[PDB]
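1. Whatever this is, show me its structure:
(6 chains, ligands or ions: 4)
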Amino acid sequence: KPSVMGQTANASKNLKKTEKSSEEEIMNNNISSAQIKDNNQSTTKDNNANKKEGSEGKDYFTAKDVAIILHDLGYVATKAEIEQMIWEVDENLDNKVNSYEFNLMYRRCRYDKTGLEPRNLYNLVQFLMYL
Amino acid sequence: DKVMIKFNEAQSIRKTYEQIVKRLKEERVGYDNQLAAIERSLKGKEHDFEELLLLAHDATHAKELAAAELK
Amino acid sequence: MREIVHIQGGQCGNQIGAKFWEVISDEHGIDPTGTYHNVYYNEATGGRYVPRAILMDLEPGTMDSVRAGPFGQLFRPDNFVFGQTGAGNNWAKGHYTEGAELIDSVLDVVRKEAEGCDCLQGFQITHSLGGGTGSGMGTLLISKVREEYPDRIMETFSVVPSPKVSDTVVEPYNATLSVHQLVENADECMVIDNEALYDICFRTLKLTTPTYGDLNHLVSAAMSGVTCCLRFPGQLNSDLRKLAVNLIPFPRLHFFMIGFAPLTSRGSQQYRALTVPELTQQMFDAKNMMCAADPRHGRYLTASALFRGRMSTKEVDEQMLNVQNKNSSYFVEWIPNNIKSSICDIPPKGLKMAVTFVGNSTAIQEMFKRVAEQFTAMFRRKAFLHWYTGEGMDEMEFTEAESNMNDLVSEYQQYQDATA
Amino acid sequence: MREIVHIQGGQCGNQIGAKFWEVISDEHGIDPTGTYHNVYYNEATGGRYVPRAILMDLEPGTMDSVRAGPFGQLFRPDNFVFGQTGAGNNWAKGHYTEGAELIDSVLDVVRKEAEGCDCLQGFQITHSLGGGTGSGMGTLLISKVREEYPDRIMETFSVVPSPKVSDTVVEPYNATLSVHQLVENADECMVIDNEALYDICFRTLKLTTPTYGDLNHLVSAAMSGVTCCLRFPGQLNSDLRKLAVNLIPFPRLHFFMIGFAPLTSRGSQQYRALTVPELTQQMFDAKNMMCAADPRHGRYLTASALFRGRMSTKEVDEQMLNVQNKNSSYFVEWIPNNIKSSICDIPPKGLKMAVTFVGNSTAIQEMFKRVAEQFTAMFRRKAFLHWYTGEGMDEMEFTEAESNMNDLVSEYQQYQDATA
Amino acid sequence: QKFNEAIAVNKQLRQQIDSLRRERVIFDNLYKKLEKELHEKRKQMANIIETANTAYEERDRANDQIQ
Amino acid sequence: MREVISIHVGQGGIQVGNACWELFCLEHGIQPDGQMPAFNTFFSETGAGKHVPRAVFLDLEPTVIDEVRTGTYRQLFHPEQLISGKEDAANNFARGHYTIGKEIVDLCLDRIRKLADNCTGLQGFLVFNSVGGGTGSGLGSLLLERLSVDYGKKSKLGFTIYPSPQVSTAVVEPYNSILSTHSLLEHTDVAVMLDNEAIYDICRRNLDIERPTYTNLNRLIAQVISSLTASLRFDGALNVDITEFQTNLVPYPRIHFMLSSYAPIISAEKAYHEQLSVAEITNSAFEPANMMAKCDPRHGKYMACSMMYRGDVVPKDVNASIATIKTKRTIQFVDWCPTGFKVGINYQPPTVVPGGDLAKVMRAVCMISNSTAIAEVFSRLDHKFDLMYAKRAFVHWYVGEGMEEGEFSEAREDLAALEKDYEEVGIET
Ligand SMILES: Nc1nc2c(ncn2[C@@H]2O[C@H](COP(=O)(O)OP(=O)(O)OP(=O)(O)O)[C@@H](O)[C@H]2O)c(=O)[nH]1
Ligand SMILES: Nc1nc2c(ncn2[C@@H]2O[C@H](COP(=O)(O)OP(=O)(O)O)[C@@H](O)[C@H]2O)c(=O)[nH]1
Ligand SMILES: Nc1nc2c(ncn2[C@@H]2O[C@H](COP(=O)(O)OP(=O)(O)O)[C@@H](O)[C@H]2O)c(=O)[nH]1
Ligand SMILES: [Mg+2]
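-> Residues are numbered from 1 along each chain as shown, chains lettered A, B, ... in the order given. Ligands and ions are numbered 1, 2, ... in the order given. This is the structure:
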């Protein structure tokens, strides 16, 4: 169920955000929230993220690796759109994806109030942790 | 039908984006405040070093006159 | 300077040229008598300004009628290339038997008018695609002038077969025969159609009793506004070649739709304001075109705009910026800043502003395909053929004309959506 | 600024809008010709001020009659949305078959008038609940504008079925169909009725030969006084939203009764004094309302007052203090200081003072219940139904409209006496 | 017609919002550069009691020699 | 040296500031031209030798704003200090603090940013926000928040006009006032309260004019403020310090809501017939009928009192009036403050405005006091707030504007914390 799952999470979010709107229809901040967000045994996520994405292993992650992972997943690698998947969460330096940036994104998207932040890149992290 | 569905979806997306934008604005204000505070605290550093310069100079200047007399 | 020569063709082209010369005389302050009370006119002893306008046609009743109406003294008595038989709604008649014996009278007179100038930057043809004379004779003149003068820019204000009805039964044949000899040797085909012209004089203008002189006046005001940026000053001037560059990125997709503004109701001409944002509304409004092809059913390969009147340049900048901002994918995005803008520094007769929009877009390909469809229908089933085949033409050329039209449109459509 | 757009509906709404524009022109010094001899008007070249007033209706005889009378040149010739068949006193006619094909002409013109401004703070509708066109067409326009513009405030100067007689036999059906689609998408319904209007022009004003233009002038003076605090200065100004907040504590109980003052006899206009205590007497007098519901048979959920003229603020303070002091339980006491007060700084044409009282109270619930009663009577016994049922409407919607009216009134009544 | 206006407004809002998003991103890059710079000034603060202590131990020695 | 900034946010504050500046020019000798035929504190330099005030008139509703920009006082203000909105805050706090506040806050902050850069020796702020309306509540709250998070160290004296005791120009006053009180606590370092009933009584039965109006009220407030700022403007005998005001009138940072009073308020028709001695004025000084706000002098036990003497005042009549007021039993002070009196002498008499009911006299005194009576205004506002909050009224107007519901209650018991402390601090031992 490789593509249909990225479609599930998508459609669930599409309904979730409609209900989030319904809620209002009826009736150092970054780090201070990061530290408290989920601190589960993320050695699974770290070892898995390096095992599936981190090839060279120097705190650096590009679009070529995500493109080849997408193609290996039997997915139709859109030639240039994967750049947006790399970019949507890049906040310090455009074309800089650090392991610390994985921590920040993973964490802000894992434990938060609403979500909606990208809803579209860490779905792949959810997939790799899923299988 | 697909037109209206996707239009409502794009509406939700924009609402999301302005939420993210106002959040980033508030955290930018927080950055400004922390920055101003820390900059003052670090001005205190330069002042403390500058004063201890003179303190060290005085402590040496007294000893220089003491040397000749005690001998 | 930077001359124009005004050759005509067919009764359509003859009437349109007559009214265009009427408009330019009434704009430059030229009477029907030919005085002032050179970019278009010529000096003549006695203080006269003669338009270097050639009227060629296979019938003289049109010639007589254009002489009879007002502003007739403009044209001098040599440029009336007289045809006596008439092609009779037959491309073969208008292009082979009578072409190959009128070519050279027209050659002598066009060499006349061309040596009359120093630098002939561009030509001027107005003709039809459906009438035998207009179509055949006109595309033949185009071929000949493009044979001897390869450095000029060719330009045809061309009327096409009408959608709802064909004006002459062999409109499809004559039209494909005209475009097949139009594509390679005509550099800017401003596509006009009688029916869309009817629509624009009907809808927003209260005109309930129209006339052919009226449509001629409309399209001639547009025809004057397309080039009025040339003979007049301006903060940001252009020409036929800056326009041609900014309009065609490929030598094939060079057929253009045109519109001119302002045009509103007269009884309501006081209630409305009159501003440049309103000019943009007016013509980026779909209905204001002069072709039976709503361009928002396609894409804009590029588009040029030419202002008339003295206002700021902040205007044109926010103008094409705003319009690109919302109707972006109504244009094509594979080309940066696909809207070109220029300013002529003089407003129209009696009014405040004028705007001319010209567009190299991919919505006339359906016009071409409807022409080819009507053609192929009458063509396989052999409708109305001996008129073309008993006069030294073969349907091998018809097949190649049809296929060439189809080739043009296939590039048009794939360039609509080509992105990288 | 803080714009208004004046859409009309039905012959009633059309006449009222005509006379309201007459009043505002005669107040702002605008002739019937449209000059000065922008919060309401628009600039037009030639020095003209056009009211952005749209007149939509399913019949043109009303359109022709409002054009014919004085002050007709105000409205420009596009905002006459012409209907040709007429709904013929049928909510189904005026809301479904002719609605769903007039919606979009009205949409284009309202987008026209809305982009014409920078900030459109509020709308303006005047229509009926009983006439087929007025009711259906108007509540449909309300639904559509509230569909695309969720941030504006909706406001209807709505006439209801008359108590002693129904103006059209299906007044109950059309009225419940209008309120059922009014409650959720109309933000301020100023409730007016022809009979109470008759009473107020009869009793204290000597008028023995009244006319529809006269009642229109009365309600239009009131309609100008409700908002005259906006376009003019004042020591203590307000708007549509301070008013809406101070008027509705709940999004449902937002239907308002209105009155305007001063209005006395003319033969006795000299014997009486003219003071602000007298203004308070005048409208806190029961009979001065414009609705067939004496508010002292109910309770005031809250009430707002808007002055016109330059006197002190000691006035308005002792004003609402005194009135609360005696008619306390005539109001509701569960809400503190339920009377809001503001001042516009300019008096009326030729007179000294003006006062506008608006009230969010619970005495229109009986109006709603009498409408629902007439409806249910004709409804079970099936009176006058095929006119609604043979045009794509079912009585399931009638049942839900009736029940929804009843739900509204049940909240009205329980909020009358809710105390803690 | 509704569809075309919908797409128009969506494009306008999206580009307009993302521009300001990147602007605030750069404003946070300002925190990135400063936090490091003021941490360097904190390393300079660490030259207090160290160098104040050069003064203080030199004061021990000096005043002890005087006394 | 000493410069003081005044924001006039809302429709109340903006008219109060109109009168403030219209009185300031006529006092300092400035004509409305910006031309003058000391002023250090209020009037700056323009390089052409003339003066533009250091103040900003801010308001969502632009009506009074174009009133001042096309009235007669256009030549004074700088076009950079008048920014307008095209909408209001609907009298609710959320539309002025959450929705429409954010795009005006940064512009106002940039203007006062550059204005505090303009003047050299800033000493204090004066926020003028009638909280009854949405702007003067929410936008003024946000302005005070930003002022305190940027400046901080500098004192802020808020002349906030609460919802009146029982009269009201709006019904939703109780909500958008309790919510501003939260920010009013921390930010407004000292808050001199205002209400309407007492100045109404004063203007009616003290100047004998029979209709008091807002222009007269704002002129009178401007006269009080002139008596307040005379000490720094002109030279006096024993000059007082506005930072001494805080250290002497803020015994605890929890009790800093203070009230005021002025004498003499008399027409010329009784000024010609009265003696108005220095000792005599000190009696009407603490007169409870003379009181400027809804506070009862015998309700509060005076914790701090500053007296502002201006004109021909000799110190010993002052010192003996202090003795007589401390002797008679009708007044009392808190036991922990055995001496809670601070006086300031000034040799500048009150200047006169042409067209005012106010009379020129030799001696004027202005009282400003930190006491414990204000808690009654607090509880009285809480009355209306609870009476409206118990029944759900106007709740949608607040929550549909980016506001949560719990802020109503958090502000209610926030002001209840003031009511608690104000009676916990002023008891015996
Ligand atoms: N003392 C004094 N008070 C005033 C004056 N003008 C208005 N007020 C008070 O201000 C209160 C309303 O405060 P504002 O914030 O200014 O009201 P607003 O400007 O309409 O605010 P919005 O509702 O958001 O539009 C009123 O109840 C008045 O009591 C004035 O000139 N002098
Ligand atoms: N715009 C315009 N078009 C015309 C006019 N007269 C004829 N036409 C069009 O021109 C076409 C006739 O072509 P034409 O070459 O003149 O006919 P021919 O001379 O017999 O070969 C018809 O399809 C008409 O629609 C006119 O006065 N104005
Ligand atoms: N105030 C006022 N009410 C009117 C006027 N003309 C008609 N009405 C009322 O409007 C109602 C008619 O509704 P309407 O929608 O205009 O009828 P329709 O156009 O046939 O659907 C009747 O009940 C009348 O009482 C008028 O000139 N003034
Ligand atoms: Mg306001």
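
2. now residue F:52: how far from residue F:165?
-> Distance, residue F:52 to residue F:165, by Cβ to Cβ, to the nearest Å: 39 Å. From N, CA and C alone the C-beta is placed, and that goes for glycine too.

3. give me phi/psi at residue F:257?
-> As for residue F:257, its main-chain torsions (degrees, to the nearest 10) stand at phi -80, psi 120.

4. wait, what's in contact with residue C:306?
-> C:225-226, C:228-229, C:238, C:341-344, C:355-358 (Cβ atoms under 8 Å, 6 or more residues apart in numbering or on different chains).

5. repeat for residue F:332
-> Residues in contact with residue F:332, defined by Cβ under 8 Å, 6+ apart, are F:298, F:301-302.

6. Just name the closest of the residues you listed to residue B:53, please.
-> The nearest member of the contacts of residue F:332 to residue B:53, counting by Cβ to Cβ, is residue F:302 at 51.5 Å.

7. OK, now which residue of chain C is nearest to chain B?
-> residue C:329 (13.8 Å; Cβ to the nearest Cβ).

8. Can you tell me what sits against stretch F:227-246?
-> Contacts with stretch F:227-246, where a contact means Cβ under 8 Å, 6+ apart, come from F:2, F:4, F:28, F:38-42, F:123-124, F:155, F:189-190, F:256, F:262, F:306, F:308, F:310, F:313, F:315, F:342-348, F:350, F:364-366, F:368.

9. what comes up buried for stretch A:58-73?
-> A:61, A:63, A:65-67, A:69-70 (16 or more other Cβ atoms under 10 Å in any protein chain shown).

10. can you check stretch A:92-112 too?
-> For stretch A:92-112, the neighbour count (16+ other Cβ under 10 Å) marks A:97, A:99, A:101-102, A:104-110 as buried.

11. again with stretch C:36-51
-> Those buried within stretch C:36-51 under the rule 16+ other Cβ under 10 Å are C:40-42, C:48-51.

12. do stretch F:111-118 as well
-> Here stretch F:111-118 shows F:111-112, F:115-116 as buried, counting by 16+ other Cβ under 10 Å.

13. Just after the host helix or strand of residue C:177, pick out the following helix or strand.
-> Using DSSP states H and E, residue C:177 falls within helix C:171-180. Of the helices and strands lying after helix C:171-180 in sequence (DSSP H and E), the nearest is strand C:188-192.

14. what's the following helix or strand past that following strand in contact with?
-> For strand C:188-192, the following helix or strand on the C-terminal side (DSSP H and E) is helix C:194-202. The contact list for helix C:194-202 (Cβ under 8 Å, 6+ apart) reads C:159, C:162-164, C:167, C:207, C:210, C:214-215, C:218-219, C:263, C:287-292.

15. buried residues in helix C:194-202?
-> C:194, C:196-197, C:199-201.

16. likewise stretch A:21-40?
-> Buried, per 16+ other Cβ under 10 Å, within stretch A:21-40: residue A:30.

17. Stretch F:272-285 too?
-> Quick answer for stretch F:272-285 (16+ other Cβ under 10 Å): F:276, F:278, F:280-282, F:284-285.

18. wait, which of these is closest to chain E?
-> residue F:285 (53.3 Å).

19. hang on, the earlier thing: correct me, but the residue of chain C closest to chain B touches residue E:8?
-> No: in this structure residue C:329 lies outside contact range of residue E:8 using Cβ atoms under 8 Å: 9.6 Å.

20. More neighbours: those two, which one.
-> residue E:8 (16 against 13; other Cβ atoms under 10 Å in any protein chain shown).

21. I'd like to check which residues are in contact with that one.
-> Taking Cβ under 8 Å, 6+ apart, we find residue E:8 in contact with C:326-327.

22. Checking it next. Helix, strand or coil?
-> The three-state assignment at residue E:8 reads helix, by DSSP: H, G, I helix; E, B strand; the rest coil.

23. Can you tell me the closest non-neighbouring residue to residue F:252?
-> Spatial nearest neighbour of residue F:252, excluding adjacent residues (Cβ to Cβ, 6 or more residues apart in numbering or on different chains): residue F:425 at 6.1 Å.

24. thinking the one you found is in contact with residue F:304, fair?
-> No: between residue F:425 and residue F:304 there is no contact under Cβ under 8 Å: 11.5 Å.

25. what residues do these two have in common as contacts?
-> Here residue F:425 and residue F:304 have residue F:251 as joint contacts, going by Cβ under 8 Å, 6+ apart.

26. Of those two, which one has the most company?
-> Neighbour comparison, residue F:425 and residue F:304: the larger count goes to residue F:304, with 24 against 16 (by other Cβ under 10 Å).

27. my guess is that one meets residue F:337, correct?
-> Yes: using Cβ under 8 Å, residue F:304 is in contact with residue F:337, at 6.8 Å.

28. and for these two, which residues touch both?
-> residue F:251.

29. can you give me the helices in the stretch 301-429 of chain F?
-> Remark: helices assigned in the stretch 301-429 of chain F by DSSP state H, counting those that start in this stretch are F:315-327, F:375-389, F:395-399, F:406-424.

30. Pipe those helices into JSON lines and attach mean neighbour count and distance to residue D:8 per row.
-> Supplementary listing: those in JSON lines, determined by neighbours: other Cβ atoms under 10 Å in any protein chain shown; distance: least, Cβ to Cβ, whole Å:
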{"stretch": "helix F:315-327", "mean neighbour count": "14", "distance to residue D:8": "70"}
{"stretch": "helix F:375-389", "mean neighbour count": "20", "distance to residue D:8": "38"}
{"stretch": "helix F:395-399", "mean neighbour count": "21", "distance to residue D:8": "30"}
{"stretch": "helix F:406-424", "mean neighbour count": "16", "distance to residue D:8": "41"}
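
31. so can I have a markdown table of those showing distance to chain A?
-> Listed next are the helices of the stretch 301-429 of chain F as a markdown table, based on distance: least, Cβ to the nearest Cβ, whole Å:
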| stretch | distance to chain A |
| --- | --- |
| helix F:315-327 | 52 |
| helix F:375-389 | 15 |
| helix F:395-399 | 7 |
| helix F:406-424 | 12 |
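
32. of all those, which lies closest to ligand 2?
-> helix F:395-399 (62.8 Å; Cβ to the nearest ligand atom).

33. do the closest one and chain D meet at all?
-> Yes: applying Cβ under 8 Å from any Cβ of the partner chain, one finds helix F:395-399 touching chain D at F:395-397.

34. Not counting residues beside it along the chain, what's closest to residue 33?
-> You didn't say which chain, so I picked chain A. Nearest to residue A:33 is residue A:108, by Cβ to Cβ, 6+ apart, at 7.2 Å.

35. try again with chain B
-> Spatial nearest neighbour of residue B:33, chain neighbours left out: residue F:149 (6.0 Å); criterion: Cβ to Cβ, 6+ apart.

36. for residue A:5, same thing?
-> residue A:127 (6.3 Å).

37. Tell me how far that neighbour lies from chain C.
-> 29 Å (Cβ to the nearest Cβ, to the nearest Å).

38. and what of residue F:216?
-> Residue F:216 is 45 Å from chain C, by Cβ to the nearest Cβ.

39. got the CA positions of the helix or strand containing that residue in CSV?
-> Following DSSP H and E, one finds residue F:216 within helix F:214-233. Extracted in CSV, the C-alpha atoms of helix F:214-233 (Å, rounded to 0.1, in the frame of the first residue of the first chain):
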residue,chain,number,x,y,z
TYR,F,214,-17.0,67.0,26.1
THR,F,215,-15.0,70.0,24.8
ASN,F,216,-15.3,71.6,28.2
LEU,F,217,-14.4,68.4,29.9
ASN,F,218,-11.3,67.9,27.8
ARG,F,219,-10.3,71.5,28.3
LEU,F,220,-10.6,71.0,32.1
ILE,F,221,-8.5,67.8,32.0
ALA,F,222,-5.9,69.7,30.0
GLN,F,223,-5.9,72.4,32.7
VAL,F,224,-5.4,69.7,35.3
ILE,F,225,-2.5,68.3,33.2
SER,F,226,-1.0,71.8,32.9
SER,F,227,-1.0,72.0,36.7
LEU,F,228,0.7,68.6,36.6
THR,F,229,3.5,69.4,34.1
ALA,F,230,4.1,73.0,35.2
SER,F,231,6.8,71.8,37.7
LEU,F,232,9.0,70.5,34.8
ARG,F,233,8.0,73.1,32.3
